[PDB]
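Participant: Chains as they are written, first to last, in the authors' numbering: chain A, 370 to 553; chain B, 616 to 655; chain C, 98 to 145; chain D, 50 to 97; chain E, 50 to 147; chain F, 533 to 580; chain G, 1 to 62.
Using N, Cα and C, we set each Cβ at its ideal position, and we do this for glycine too.
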Ligand SMILES: [Ca+2]
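1) Should residue 566(F) go down as buried or exposed, given a rule of 16 or more other Cβ atoms within 10 Å for buried?
2) Could you tell me which residues DSSP puts in a beta bridge with residue 619(B)?
3) I want to verify the contact list: residues of chain A whose CB lies under 9 angstroms from the CB of residue 637(B), in sequence order.
4) Please look up how many angstroms separate the CB atoms of residue 107(C) and residue 39(G), rounded, as I've assumed it's under 8 angstroms.
5) Would the segment 464-474 of chain A count as touching the segment 486-494 of chain A if we require 3 or more Cβ pairs under 8 angstroms?
6) For residue 104(D) versus residue 74(D), is the C-beta spacing smaller than 7 angstroms?
7) Is the segment 539-552 of chain A touching the segment 506-523 of chain A in the sense that three or more CB pairs, one from each, lie closer than 8 angstroms?
8) Applying a beta-carbon distance threshold of less than 8 angstroms, which residues of chain B neighbour residue 533(A)?
9) Give the interface partners of residue 42(G) over in chain C, defined as CB-CB distance under 9 angstroms, in chain order.
10) Using the beta-carbon count (16 or more within 10 Å), is residue 635(B) buried or exposed?
11) Might you give, ordered along the chain, the residues of its own chain that have their beta carbon closer than 6 angstroms to the beta carbon of residue 414(A), omitting 5 neighbours on each side?
12) Determine, using beta carbons only, whether residue 497(A) comes closer than 7 angstroms to chain B.
13) Within 10 angstroms of the Cβ of residue 94(D), are there 16 or more other Cβ atoms? Answer buried if so, exposed if not.
14) Have a look at residue 58(D) and residue 464(A) and give me their C-alpha separation to the nearest angstrom.
15) In three-state DSSP terms, what is residue 134(E)?
16) Could you round the C-beta distance between residue 143(E) and residue 89(D) to whole angstroms and report it? I think they count as a contact, below 8 angstroms.
17) Where do the ends of the alpha helix (DSSP H) carrying residue 627(B) lie?
18) When DSSP builds the beta bridges, which residues end up paired with residue 414(A)?
19) Of the choices 24(G), 49(G), 3(G) and 26(G), whose alpha-carbon is the least far from that of residue 568(F)?
20) Along the beta strand (DSSP E) that carries residue 51(G), what are the first and last residues, could you check?
21) Look up residue 511(A) in the DSSP assignment and say whether it is helix, strand or coil.
22) Name the DSSP beta bridge partners of residue 558(F), please?
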């Protein structure tokens with residue numbers, strides 16, 4: 370499998386990553402990549418094609434996709450630092466996700482907050498606070514039994530400008546080990 | 616529906632299966648989803 | 098002493114007003130369905 | 050001075066509607082309409 | 050009408066009321082971030098329009114200031130009945146262009 | 533009744549049920565110092 | 001707008017389903033309380049459930 374990636378800047382500038390290649394895995398089906406991106410990136414349009422040499426390339430199957438920045442009117446953002454790791458977190462282990470409130474207004478952001486859905490319902494909630502080092506506490510809490518089929522973590526803060534204010538948010542799917550509380 | 620993130624603040628919550636009430640300038644009443652097919 | 102009064106109040110039924118499909122007439126952004134002949138008219142027949 | 054059992058009311062924005070710098074609310078069909086639809090601060094005309 | 054001197058005291062001070070938008074480097078004004086690169090001088094000394102990766106204009110035509118509108122911008126000594134000097138920035142347009 | 537938060541509130545109740553009746557071989561799944569008018573409780577019968 | 005809130009809830013409440021409904025507030029330096037409630041519609045005069053949550057510096061307004 371091989372990939373093409375036309376990033377677009379904050380301004381007119383269109384910039385292409387070098388074309389990349391990998392194989393779909395044998396036990397997982399996944400072909401996985403990681404793209405570096407411009408610090409100004411507004412969007413990416415990317416294409417993927419099957420690079421299998423047996424294909425006459427005009428019948429070689431391909432797909433095109435588009436990916437977008439989180440579109441803060443106030444240009445205030447919230448990023449979950451998670452690499453989308455495929456292996457599930459083991460029951461009762463501490464979660465180890467860092468978070469960054471990237472914002473023009475961070476002196477107003479004392480804290481950020483988070484929620485965990487499992488199946489349909491919120492099963493945990495909490496708050497995370499600013500260090501003197503100007504980073505913020507990580508999402509540490511143990512992967513309790515209420516999460517185990519799978520779970521979703523959502524994160525937010527609200528910040529003021531001078532006179533606007535904006536909800537600022539991110540979310541990540543967390544894969545959790547298929548192990549029960551009855552332990553049967 | 617889907618693995619995470621969103622187009623905007625309201626759409627993060629909406630894609631995450633939440634909804635919300637806020638005075639901080641958003642409302643996911645703006646939004647709908649299709650019959651979902653985003654396999655994770 | 099003003100001749101009418103209105104009090105803010107809780108509903109007790111759904112609103113039953115329809116949207117207009119208007120049989121291929123051209124629905125302007127403020128909701129007027131102008132005549133289909135006027136699509137790409139020139140001038141401005143919607144106001145909108 | 051007085052310690053109130055009364056809350057200060059919060060103040061509330063626009064949801065599906067666009068919001069100007071003042072806090073007034075305006076339709077999204079009036080963003081980049083090129084008139085000044087926001088009465089004073091024309092945030093509907095910013096960086097289009 | 051005055052005399053003033055420097056000091057050596059060490060009492061705490063909370064003078065850092067946050068400029069949330071952008072500090073106007075010369076004037077010490079703050080301006081909201083939608084006004085940077087609006088094609089207009091919101092800082093007084095043109096600071097806000099530095100390093101604009103693009104500029105966006107708003108006013109489609111030339112537009113006069115209303116006459117004397119910068120004169121009204123100044124406060125009065127109510128007792129001499131005189132304008133004394135400048136208090137509100139009647140060259141500030143916040144987007145505007147209506 | 534429409535817009536309560538504009539007014540003062542005693543948001544802490546001052547009208548209550550007495551504590552719910554017990555049951556043979558079961559208990560009130562909820563517990564507290566008082567139950568305000570129109571607050572629910574649910575029962576669960578004990579093991580077996 | 002110095003003072004703000006979010007309530008969050010599932011996109012759909014399930015009937016008989018002990019829904020866990022979260023509030024946060026901001027721009028506050030004083031504690032207060034709130035009766036988050038599920039009520040009759042359209043008529044807003046009956047309550048299917050309520051909870052008098054306390055919002056305080058202890059819980060960082062959550
Ligand atoms: Ca400017």
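Facilitator: In terms of the structure at hand:
1) exposed
2) 541(A)
3) 527 and 536
4) Rounded, the Cβ-Cβ distance is 10 angstroms, inconsistent with contact.
5) no
6) Lying before the first or after the last residue shown, residue 104(D) is absent from chain D, which here runs from 50 to 97.
7) yes
8) 640
9) 107, 108, 109, 110 and 111
10) buried
11) 375 and 435
12) no
13) buried
14) 39 angstroms
15) strand
16) 7 angstroms
17) 624-630
18) 375(A) and 435(A)
19) 49(G)
20) 47-55
21) strand
22) 555(F) and 577(F)
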